[PDB]
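Enquirer: Structure file model-v3.txt (compact mmCIF, C-alpha atoms) is given on the next line.
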# COMPACT_ATOMS: atom_id res chain seq x y z
CA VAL A 218 -32.22 15.62 19.76
CA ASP A 219 -31.69 18.26 22.44
CA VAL A 220 -29.78 15.72 24.55
CA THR A 221 -27.11 15.37 21.84
CA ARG A 222 -26.19 19.05 21.54
CA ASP A 223 -26.98 19.31 25.27
CA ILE A 224 -24.15 16.92 26.18
CA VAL A 225 -21.57 17.49 23.43
CA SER A 226 -21.49 21.20 24.18
CA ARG A 227 -20.95 20.96 27.93
CA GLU A 228 -18.31 18.21 27.92
CA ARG A 229 -14.72 18.64 26.76
CA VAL A 230 -12.27 16.47 24.86
CA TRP A 231 -8.68 16.75 26.00
CA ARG A 232 -7.66 13.40 24.55
CA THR A 233 -8.37 12.71 20.88
CA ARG A 234 -7.00 10.19 18.39
CA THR A 235 -4.78 12.38 16.29
CA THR A 236 -2.51 13.86 18.95
CA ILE A 237 -1.73 10.39 20.21
CA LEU A 238 0.14 9.90 16.94
CA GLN A 239 1.75 13.31 17.33
CA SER A 240 4.47 13.25 19.97
CA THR A 241 4.33 15.27 23.18
CA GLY A 242 7.91 16.44 22.65
CA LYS A 243 9.11 18.38 19.63
CA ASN A 244 10.49 15.88 17.13
CA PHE A 245 10.72 17.68 13.82
CA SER A 246 11.17 15.84 10.55
CA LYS A 247 13.91 17.83 8.85
CA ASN A 248 16.45 15.41 10.36
CA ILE A 249 14.07 12.71 9.18
CA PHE A 250 13.69 14.22 5.74
CA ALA A 251 17.43 14.94 5.58
CA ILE A 252 18.23 11.27 5.99
CA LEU A 253 15.32 10.55 3.64
CA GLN A 254 17.18 12.58 1.05
CA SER A 255 20.49 11.07 2.12
CA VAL A 256 19.33 7.54 1.34
CA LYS A 257 18.19 9.00 -1.98
CA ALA A 258 21.78 10.19 -2.38
CA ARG A 259 22.77 6.54 -2.19
CA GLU A 260 20.08 6.05 -4.84
CA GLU B 35 23.74 -24.73 12.42
CA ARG B 36 23.88 -24.75 8.62
CA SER B 37 21.25 -21.99 8.52
CA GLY B 38 19.57 -19.90 11.18
CA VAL B 39 16.11 -20.25 12.65
CA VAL B 40 13.27 -19.55 10.21
CA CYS B 41 11.01 -16.52 10.64
CA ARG B 42 8.49 -14.40 8.76
CA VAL B 43 10.44 -11.31 9.81
CA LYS B 44 8.39 -8.16 9.45
CA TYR B 45 8.92 -4.61 10.66
CA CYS B 46 5.27 -4.34 11.58
CA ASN B 47 3.57 -1.25 12.96
CA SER B 48 0.64 -1.14 15.34
CA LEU B 49 -1.96 1.52 15.95
CA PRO B 50 -3.46 2.83 19.18
CA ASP B 51 -7.22 2.70 19.30
CA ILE B 52 -9.63 5.48 20.20
CA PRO B 53 -8.90 6.66 23.77
CA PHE B 54 -12.34 7.67 25.11
CA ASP B 55 -11.09 9.82 27.92
CA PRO B 56 -13.79 10.33 30.55
CA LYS B 57 -15.46 13.58 29.70
CA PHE B 58 -14.92 17.01 31.24
CA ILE B 59 -17.94 19.18 31.89
I need this file expressed as structure tokens, please.

Expert:
Amino acid sequence: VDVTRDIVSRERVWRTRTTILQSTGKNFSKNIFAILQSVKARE
Amino acid sequence: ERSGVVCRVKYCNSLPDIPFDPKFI
């Protein structure tokens, strides 16, 4: 109905699900994938 | 003593639920 688009337009979402999982700092995964490959070097 | 205390040791992992921040017009 008009109420649905009427509300979901005017509000805002600053807090979702997905960026909870993502960290507020910058933690890249190269270090993570480097040790991922390093344990594979033990394999 | 002879052996340690028994446990079902697991490296579990929890999940946050949906936040539902109060909305911003």

Enquirer: Quick one: everything within 8 Å of stretch 222-227 of chain A, counting only C-alpha atoms, minus sequence neighbours fewer than 3 positions away in the same chain. Send it as a compact mmCIF listing (two decimals) with C-alpha atoms, in the frame of the given file.

Expert:
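And here is the file that came out, part.txt:
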# COMPACT_ATOMS: atom_id res chain seq x y z
CA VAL A 218 -32.22 15.62 19.76
CA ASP A 219 -31.69 18.26 22.44
CA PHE B 58 -14.92 17.01 31.24
CA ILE B 59 -17.94 19.18 31.89

Enquirer: Using all atoms listed in the file, what table do you get, as a Markdown table, when you list each residue of chain B with an atom no more than 10 Å from chain A, its nearest pair of atoms, and their distance in Å rounded to one decimal, rows by chain then rising number?

Expert:
| residue | atom | partner | partner_atom | distance |
| --- | --- | --- | --- | --- |
| B:49 | CA | A:238 | CA | 8.7 |
| B:50 | CA | A:237 | CA | 7.8 |
| B:51 | CA | A:234 | CA | 7.5 |
| B:52 | CA | A:234 | CA | 5.7 |
| B:53 | CA | A:234 | CA | 6.7 |
| B:54 | CA | A:232 | CA | 7.4 |
| B:55 | CA | A:232 | CA | 6.0 |
| B:56 | CA | A:230 | CA | 8.5 |
| B:57 | CA | A:228 | CA | 5.7 |
| B:58 | CA | A:229 | CA | 4.8 |
| B:59 | CA | A:228 | CA | 4.1 |

Enquirer: At what distance in Å, to one decimal, does atom CA of residue A:260 lie from atom CA of residue A:244?

Expert: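 Atom CA of residue A:244 sits 25.9 Å away from atom CA of residue A:260.
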
Enquirer: What does the distance between atom CA of residue A:254 and atom CA of residue A:241 come to in Å, to one decimal place?

Expert: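 Atom CA of residue A:241 lies 25.7 Å from atom CA of residue A:254.
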
Enquirer: By how many Å are atom CA of residue A:252 and atom CA of residue B:44 apart?

Expert: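 So the answer is 22.1 Å.
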